[PDB]
*Asks:* 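Starting off with a structure, shown below.
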Amino acid sequence: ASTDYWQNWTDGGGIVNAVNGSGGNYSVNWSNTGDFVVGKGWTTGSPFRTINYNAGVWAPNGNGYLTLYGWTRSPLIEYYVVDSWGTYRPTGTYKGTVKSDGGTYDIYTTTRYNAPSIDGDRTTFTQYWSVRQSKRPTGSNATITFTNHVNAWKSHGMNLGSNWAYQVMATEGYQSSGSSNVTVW
Ligand SMILES: *[C@H]1OC[C@@H](O[C@@H]2OC[C@@H](O)[C@H](O)[C@H]2O)[C@H](O)[C@H]1F
């Protein structure tokens, strides 16, 4: 499918060279940053969407995540499906696991306090996570069957909002440096 959304947010720290490439391709060069999220996807997320991607380049030099990323409103929730990471594997309150697309993911929930959100300014909100137990190899055509995660989260009381916001395959970095090149479809 064709992506119709370009995500490029940075809290202003360090250098973030985000390139809006052709089709569903994008690349990022970052160094000594604060928090940032870059990626391509869809303006309106869907719980039945199947995301395809190929990370030709995944070279984080510190804390960085290669992950499906999106938000919902009512209630406000930031969710993730992390396939790979840099030096830090994200974790939180363990809820269980889900097998999908050849890998096993741990399910976690965390909370952000007085943090920036899609609604601007700052607020408190919950984060839903699906983190692969081991890093998924990159450079290959990978698939993320989001329906499997959504259903798994539901059985653990993790329900998403009724108002769906953007949904993208992104690169998030936090106080680190690195490079990534990803194609989404
Ligand atoms: C999850 O990722 C980064 C950040 O989310 C950003 O908040 C501001 C908004 O304008 C951007 O589109 C979002 O990506 C959030 O604080 C964190 F929990």
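All residue numbers in this chain count up from 1 along the given sequence. We use all heavy atoms of the structure for the numbers below, so side chains are in, but hydrogens, waters and symmetry mates are not.
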*Asks:* Give a yes or no on whether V38 and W30 share a hydrophobic cluster (residues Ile, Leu, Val, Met, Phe, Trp, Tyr; joining criterion: side-chain heavy atoms under 4.5 Å apart).
*Replies:*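 Linked, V38 and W30 end up in one cluster.
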*Asks:* We want to know whether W153 and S130 form a side-chain donor-acceptor pair, criterion being a heavy-atom distance below 3.5 angstrom.
*Replies:*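 Present: a donor and an acceptor within the cut-off.
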*Asks:* Between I77 and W71, is any pair of side-chain heavy atoms under 4.5 Å apart?
*Replies:* no
*Asks:* When rounded to the nearest 0.5 angstrom, what is the spacing between CD1 in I15 and OG in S31?
*Replies:* 4.0 Å
*Asks:* Under a single-linkage definition using a 4.5 Å side-chain heavy-atom cutoff for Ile, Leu, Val, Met, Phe, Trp and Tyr, are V16 and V57 assigned to the same hydrophobic cluster?
*Replies:* no
*Asks:* Closest heavy-atom contact between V131 and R89?
*Replies:* O-NH2, 3.2 Å
*Asks:* Using the benzene-type ring in the case of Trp, are the ring centres of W42 and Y5 under 6.0 Å apart?
*Replies:*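 Centroid distance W42-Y5: not below 6.0 Å, so no.
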*Asks:* Apply ring-ring contact (aromatic ring centres under 6.0 Å, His included) to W85 and list each qualifying residue two or more places apart in sequence or on a separate chain.
*Replies:* none
*Asks:* Between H156 and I107, which heavy-atom pair has the shortest distance, and what is it?
*Replies:* ND1-CD1, 3.8 Å
*Asks:* Please tell me whether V37 and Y166 are part of a single hydrophobic cluster in this structure, the criterion being side-chain heavy atoms less than 4.5 Å apart.
*Replies:*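 Yes, same cluster.
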*Asks:* Measuring only between side-chain heavy atoms, which start at C-beta, is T109 closer than 4.5 Å to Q127?
*Replies:* no
*Asks:* Is any side-chain heavy atom of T3 closer than 4.5 Å to a side-chain heavy atom of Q167?
*Replies:*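 No, too far: nothing below the 4.5 Å cut-off.
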*Asks:* Between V98 and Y108, is there a shared hydrophobic cluster once you connect ILVMFWY residues whose side-chain heavy atoms come closer than 4.5 Å?
*Replies:*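 Hydrophobic grouping puts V98 apart from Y108.
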*Asks:* Do the rings of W129 and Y80 sit parallel, tilted or perpendicular, given the 30° and 60° boundaries?
*Replies:* parallel
*Asks:* Distance check, rounded to the nearest 0.5 Å: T143 atom OG1 versus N52 atom CG?
*Replies:* 4.0 Å
*Asks:* Just checking, is any N or O donor in the side chain of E78 or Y128 under 3.5 Å from an acceptor N or O on the other one?
*Replies:*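 No, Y128 and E78 have no side-chain donor paired with an acceptor closer than 3.5 Å.
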*Asks:* Identify the two heavy atoms, one from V82 and one from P90, that lie closest to each other, and give their separation to 0.1 Å.
*Replies:*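 Answer, listing the atom of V82 first, then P90: CG2-CG, 4.2 Å.
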*Asks:* Looking only at non-hydrogen atoms, find the nearest pair between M169 and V184 and report the distance.
*Replies:*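 Distance-wise, the nearest heavy atoms are CB-CG2, 3.6 Å.
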*Asks:* Does one side chain, of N163 or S74, offer a donor that lies under 3.5 Å from an acceptor on the other?
*Replies:* no
*Asks:* Using the rule given for ring pair (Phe, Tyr, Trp, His ring centres under 6.0 Å), can you reason through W9 versus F36, listing the C-alpha separation, both sets of side-chain angles and the distance that settles it, and then say yes or no?
*Replies:* CA-CA 6 Å; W9 169 88; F36 79 84; 8.5 Å; no
*Asks:* Look at the side chain of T10 and the backbone N and O of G12, then say whether any donor-acceptor pair between them is shorter than 3.5 Å.
*Replies:* yes
*Asks:* Would you sort out whether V28 and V19 count as a side-chain contact (heavy atoms from CB on, under 4.5 Å), showing the intermediate values?
*Replies:* CA-CA 6 Å; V28 205; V19 176; over 6 Å; no
*Asks:* Can you confirm whether the side chains of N25 and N181 place a donor and an acceptor under 3.5 Å from each other?
*Replies:*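 Their side chains do contain a donor-acceptor pair, which is all the 3.5 Å distance test asks for.
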*Asks:* State, with a plain yes or no, whether a side-chain heavy atom of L160 is found less than 4.5 Å away from one of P47.
*Replies:* no
*Asks:* With heavy-atom distances below 4.5 Å as the criterion, would you say the side chains of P116 and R112 are in contact?
*Replies:*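 They are in contact (side-chain heavy atoms under 4.5 Å apart), so the answer is yes.
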*Asks:* Atom CD1 in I51, atom CD1 in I144: separation rounded to 0.5 Å?
*Replies:*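 With rounding to 0.5 Å, CD1 (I51) is 6.0 Å from CD1 (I144).
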*Asks:* For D119 and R73, run side-chain contact (heavy atoms from CB on, under 4.5 Å): C-alpha distance rounded to whole Å, both residues' side-chain angles, the deciding distance at 0.1 Å, then the answer.
*Replies:* CA-CA 9 Å; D119 277 339; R73 287 179 177 97; 3.0 Å; yes
*Asks:* Using distance alone, with no hydrogens and no angle criterion, decide if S176 and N63 have a side-chain donor and acceptor under 3.5 Å apart.
*Replies:*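 Absent: no donor and acceptor within the cut-off.
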*Asks:* Testing the 3.5 Å rule here: is there a donor-acceptor pair between the side chains of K40 and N20?
*Replies:* yes
*Asks:* Ring centres of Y53 and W185 under 6.0 Å apart?
*Replies:*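 When the ring centroids of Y53 and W185 are compared, they turn out to be at least 6.0 Å apart.
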*Asks:* Any heavy-atom pair between the side chains of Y174 and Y65 that's under 4.5 Å?
*Replies:*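 Of all side-chain heavy-atom pairs linking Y174 with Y65, none is under 4.5 Å.
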*Asks:* Are any non-hydrogen side-chain atoms of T124 and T111 less than 4.5 angstrom apart?
*Replies:*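 Yes; the side chains approach each other to less than 4.5 Å.
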*Asks:* Is a side-chain donor-acceptor pair under 3.5 Å present for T171 with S180?
*Replies:*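 Result is yes, a qualifying pair exists.
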*Asks:* Quick one: CH2 on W164 to OG1 on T72, what's the gap to the nearest 0.5 Å?
*Replies:* 7.0 Å
*Asks:* Over all heavy atoms of both residues, which pair between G103 and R132 is shortest? Give the atoms and the distance, please.
*Replies:* CA-NH2, 3.7 Å
*Asks:* Does the side chain of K135 reach to within under 4.5 Å of the side chain of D83, using non-hydrogen atoms?
*Replies:* no
*Asks:* If hydrophobic clusters are built by linking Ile, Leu, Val, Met, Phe, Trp and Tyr wherever their side-chain heavy atoms come under 4.5 Å apart, do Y105 and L68 end up in the same one?
*Replies:*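 Same hydrophobic cluster.
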*Asks:* Which atom pair, heavy atoms only, marks the closest approach of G86 to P60?
*Replies:*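 Here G86 and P60 meet closest at CA-CG, 3.6 Å.
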*Asks:* If you apply the rule side-chain hydrogen bond (donor to acceptor under 3.5 Å, both in side chains), what do you find for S177 with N61, and how did you get there?
*Replies:* CA-CA 5 Å; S177 308; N61 265 347; over 6 Å; no
*Asks:* Could you state the interatomic distance from OG1 (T33) to CG (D11), rounded to the nearest 0.5 Å?
*Replies:* 7.5 Å
*Asks:* Using the test salt bridge (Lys or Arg N to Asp or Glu O under 4.0 Å), find all partners of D101 that sit at least two apart in sequence or belong to another chain.
*Replies:* none
*Asks:* So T126 and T110, side-chain contact (heavy atoms from CB on, under 4.5 Å) or not? Walk me through it.
*Replies:* CA-CA 6 Å; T126 305; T110 56; over 6 Å; no
*Asks:* Roughly how far apart are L76 CG and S117 OG, rounded to 0.5 Å?
*Replies:*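 That separation rounds to 5.0 Å.
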*Asks:* Answer yes if the side chains of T97 and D106 hold a donor-acceptor pair under 3.5 Å, and no otherwise.
*Replies:* no
